[PDB]
Amino acid sequence: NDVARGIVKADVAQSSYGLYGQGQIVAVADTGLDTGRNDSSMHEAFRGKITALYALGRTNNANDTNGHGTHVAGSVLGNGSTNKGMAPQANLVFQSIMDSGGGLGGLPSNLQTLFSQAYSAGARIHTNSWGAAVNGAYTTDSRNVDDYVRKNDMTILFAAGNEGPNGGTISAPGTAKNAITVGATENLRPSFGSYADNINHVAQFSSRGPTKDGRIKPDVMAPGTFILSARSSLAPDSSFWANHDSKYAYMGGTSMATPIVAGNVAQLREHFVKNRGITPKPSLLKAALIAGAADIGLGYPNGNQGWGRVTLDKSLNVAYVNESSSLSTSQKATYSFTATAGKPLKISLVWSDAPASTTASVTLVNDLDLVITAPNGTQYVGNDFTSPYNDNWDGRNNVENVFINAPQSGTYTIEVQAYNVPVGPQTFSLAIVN
Ligand SMILES: [Ca+2]
Ligand SMILES: [Ca+2]
Ligand SMILES: [Ca+2]
């Protein structure tokens, strides 16, 4: 956590912006949380900051004999004396879904019930380091995720899966269009070896896009190898990559990368709410993270890294549109942005799409297109990274990007065009870094 904090610039968000996630509530659905009691017996990283602790997988027992869920929550918001999570003043809703058999039987049949329970407890961010290795398929779970986000103010995050490095290995519900799906890059702890020596390396095991219908997943990356975080007092050494002390230890996976981003979302959401006067929609939080993310060096578009590694301080200050307009087929929204040639210009369009059928060969329902015009007339189409940048249109993703490394100082025109919106109208968010 301490090293990941610096990589994703949560350190700047905390030190220069005051953002520790105070006021925000993150829900974590995972194995269990240390002793499983919300009292003084609880691990120092969470004691006193738990909104609710629910036992779903094993009635009357939310403890963590595995260690996975405790480490994960610790990365989101742990507030121990050491190895803090990214949003150490956020409060925790924890839903224990591990069953007696070691599986995830506490999940309800309808995932919407899971998210609703968390919502009623006050959580507005819901993070899930779990999934099924269905090679990019959009399942019932994926559908329910999408349905829920379109209808409710919940930002939902899912791990990409650990089946890399082959392409098309994204887990469900990580295949959901409306979730923030997170892959793992390496932490920088090179004394531990090749799995933690280059922050611009995708971790070998991180699942890789595209999804089954060709979409870019994961959406973003964060350090996920040799992550030092809260160690459940009931978990054995075998659960860890390495020991540290009796209260913290190392783990590695997309399960570790996802909560780092979840805590960053809590920091980001706090910023909008406290400092920017608005409650940002899940689609804006997602757009802001994408626009601020760093190309780890593979270029775009790319299912190994998605849109890149979270860089939180750039996301904080984006120029935005927060679902303030909705569009029907053939309509368009127009904005203008004065750019500065000194630094790159990144514009990202995200929408919380209507949920797909599990039998559709194409999951996108409503298709919006991003069209950018530079001061001198040059036009760019969302996700077209090959020159000429206006001849390849995107009909698959509900994230579209125009990224210009050496922008012209001057006013850029931004169009959001409704190409085909059968379940309309469709709103959207925009985030602009420059
Ligand atoms: Ca490496
Ligand atoms: Ca499009
Ligand atoms: Ca092109």
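Just the heavy atoms: all of them, side chains too, but no hydrogens, waters or symmetry mates, feed the values below. Just so you know, residue 1 is the first one in the sequence shown, and it goes up from there.
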Under 3.5 Å, side-chain donor or acceptor atoms of residues 332-344 against the rest of the protein: list the pairs with distances, not counting sequence neighbours.
{"unit_1": "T338", "atom_1": "OG1", "unit_2": "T411", "atom_2": "OG1", "d": "3.3"}

Got a list of side-chain donor-acceptor pairs under 3.5 Å for residues 269-297, not counting sequence neighbours?
{"unit_1": "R269", "atom_1": "NH1", "unit_2": "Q24", "atom_2": "OE1", "d": "2.8"}
{"unit_1": "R269", "atom_1": "NH2", "unit_2": "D153", "atom_2": "OD2", "d": "2.9"}
{"unit_1": "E270", "atom_1": "OE1", "unit_2": "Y20", "atom_2": "N", "d": "3.3"}
{"unit_1": "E270", "atom_1": "OE1", "unit_2": "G21", "atom_2": "N", "d": "2.7"}
{"unit_1": "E270", "atom_1": "OE2", "unit_2": "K274", "atom_2": "NZ", "d": "2.9"}
{"unit_1": "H271", "atom_1": "ND1", "unit_2": "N275", "atom_2": "OD1", "d": "3.0"}
{"unit_1": "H271", "atom_1": "NE2", "unit_2": "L316", "atom_2": "O", "d": "3.3"}
{"unit_1": "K274", "atom_1": "NZ", "unit_2": "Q22", "atom_2": "O", "d": "3.4"}
{"unit_1": "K274", "atom_1": "NZ", "unit_2": "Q22", "atom_2": "OE1", "d": "2.9"}
{"unit_1": "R276", "atom_1": "NH1", "unit_2": "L316", "atom_2": "O", "d": "3.1"}
{"unit_1": "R276", "atom_1": "NH1", "unit_2": "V318", "atom_2": "O", "d": "2.8"}
{"unit_1": "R276", "atom_1": "NH2", "unit_2": "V318", "atom_2": "O", "d": "2.9"}
{"unit_1": "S283", "atom_1": "OG", "unit_2": "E323", "atom_2": "OE2", "d": "2.6"}
{"unit_1": "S283", "atom_1": "OG", "unit_2": "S429", "atom_2": "OG", "d": "2.7"}
{"unit_1": "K286", "atom_1": "NZ", "unit_2": "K177", "atom_2": "O", "d": "2.8"}
{"unit_1": "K286", "atom_1": "NZ", "unit_2": "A179", "atom_2": "O", "d": "2.9"}
{"unit_1": "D295", "atom_1": "OD1", "unit_2": "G297", "atom_2": "N", "d": "2.7"}
{"unit_1": "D295", "atom_1": "OD1", "unit_2": "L298", "atom_2": "N", "d": "3.2"}
{"unit_1": "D295", "atom_1": "OD1", "unit_2": "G299", "atom_2": "N", "d": "3.1"}
{"unit_1": "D295", "atom_1": "OD1", "unit_2": "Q305", "atom_2": "NE2", "d": "3.0"}

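Residues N304 and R208 bring a donor and an acceptor atom of their side chains to less than 3.5 Å of each other. Using modelled atom types, one finds no donor on one side chain facing an acceptor on the other under 3.5 Å when comparing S348 with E400. Side-chain contact of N401 with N383: a donor-acceptor pair under 3.5 Å is present, judged by distance alone. Side-chain contact of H68 with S255: a donor-acceptor pair under 3.5 Å is present, judged by distance alone. Side chain to side chain, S352 and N178 fail the donor-acceptor criterion of an N or O pair below 3.5 Å. Checked by atom type, the side-chain pair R231/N243 shows a donor-acceptor distance below 3.5 Å. Counting only N and O atoms by type, the side chains of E163 and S207 include no donor and acceptor under 3.5 Å apart. Under the 3.5 Å distance criterion, with hydrogens and angles disregarded, no donor-acceptor pair is assigned to the side chains of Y148 and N110. In this structure, a donor-acceptor pair under 3.5 Å is present between the side chains of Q112 and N144. Using a 3.5 Å distance cut-off with no hydrogens or angles, the side chains of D141 and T139 do not pair a donor with an acceptor. Side-chain N/O atoms of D213 and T211 include a donor and acceptor closer than 3.5 Å.
With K49 contributing its side chain and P88 its backbone, the two residues share a donor-acceptor pair below 3.5 Å. Looking only at distances, a side-chain donor or acceptor of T225 sits under 3.5 Å from a matching main-chain atom of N187. Side-chain N or O atoms of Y54 include none that pairs as donor or acceptor with a backbone N or O of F94 at under 3.5 Å. For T311 (side chain) and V8 (main-chain N/O), no donor-acceptor pair under 3.5 Å exists by modelled atom type. Formation of a donor-acceptor pair under 3.5 Å by the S15 side chain with backbone atoms of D11 is found in this model. Side-chain atoms of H126 do not come within 3.5 Å of backbone N or O of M154 as any donor-acceptor pair. At distances below 3.5 Å, at least one donor-acceptor pair connects side-chain atoms of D34 with backbone N or O atoms of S233. Side-chain atoms of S232 do not come within 3.5 Å of backbone N or O of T70 as any donor-acceptor pair. Between the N1 side chain and the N83 main chain, a donor and an acceptor come within less than 3.5 Å of each other. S229 places a side-chain N or O within 3.5 Å of a backbone atom of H71 that can act as its donor or acceptor partner.
The nearest pair of heavy atoms linking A266 to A87 is CB-CB, 3.9 Å. The two residues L364 and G395 have their closest heavy-atom pair at CD2-O, 3.5 Å. When all heavy atoms of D2 and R189 are compared, the closest pair comes out as N-NH2, 4.5 Å. When every heavy atom of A159 is checked against every heavy atom of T258, the shortest pair comes out as CA-OG1, 3.1 Å. Between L92 and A73, the shortest heavy-atom contact is CD2-CB, 4.1 Å. Pairing each heavy atom of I260 with each of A222, the nearest pair is CG2-CB, 4.2 Å.
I50 contributes atom CD1, which lies 11.5 Å from atom CZ of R37 (distance to the nearest 0.5 angstrom). Rounding to the nearest 0.5 Å places CG of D30 at 8.5 Å from OG of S96. Once rounded to the nearest 0.5 Å, the distance linking CZ of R309 with OG1 of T185 reads 6.0 Å. The distance from atom CD of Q95 to atom CG of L107, rounded to the nearest 0.5 Å, is 9.0 Å. Atom-to-atom distance recorded for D384:CG and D369:CG is 11.5 Å, nearest 0.5 angstrom.
Under the rule for a ring pair (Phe, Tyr, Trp, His ring centres under 6.0 Å), the partners of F46 that lie at least two apart in sequence or sit in another chain are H43.
For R124 and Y119, the positive end sits near the middle of the six-membered ring, less than 6.0 Å away and at most 45° from its axis.
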Step by step, work out the side chain to side chain donor-acceptor pair (under 3.5 Å) result for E44 and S81.
CA-CA 8 Å; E44 63 168 30; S81 3; 3.1 Å; yes
Side chain to side chain donor-acceptor pair (under 3.5 Å) for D64 and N66? Distances and angles first, verdict last.
CA-CA 5 Å; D64 195 13; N66 169 280; 5.8 Å; no
Using side chain to side chain donor-acceptor pair (under 3.5 Å), reason through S142 and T175 one step at a time and then give a plain yes or no.
CA-CA 6 Å; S142 300; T175 52; 2.7 Å; yes
Residue pair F158, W130: steps toward the ring pair (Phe, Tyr, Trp, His ring centres under 6.0 Å) verdict
CA-CA 7 Å; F158 275 91; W130 51 267; 5.0 Å; yes
Take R47 and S40, measure what side chain to side chain donor-acceptor pair (under 3.5 Å) needs, and give me the verdict at the end.
CA-CA 7 Å; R47 195 159 58 233; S40 59; over 6 Å; no
Please evaluate residues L111 and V145 with respect to the criterion side chain to side chain contact (heavy atoms under 4.5 Å, CB included), reporting the C-alpha separation (whole Å), side-chain torsions for both, the decisive distance (0.1 Å), and the verdict.
CA-CA 7 Å; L111 287 187; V145 169; 4.0 Å; yes
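Under the side chain to side chain donor-acceptor pair (under 3.5 Å) test applied with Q426, the options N398, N366, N420 reduce to a single match, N366.
Salt bridge status for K217 with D219: present, with a side-chain N to carboxylate O gap under 4.0 Å. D147 has a carboxylate O that lies under 4.0 Å from a charged side-chain N of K151, or vice versa, which qualifies the two as a salt bridge. A salt bridge does not link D245 with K247: every distance from a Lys NZ or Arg NE/NH1/NH2 to an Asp or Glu carboxylate oxygen is 4.0 Å or more.
Separation of the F240 and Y250 ring centroids does not fall under the 6.0 Å cut-off. Between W241 and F192, the distance separating the two ring centers is not shorter than 6.0 angstrom. With ring centers used as reference points, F403 lies under 6.0 Å from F385.
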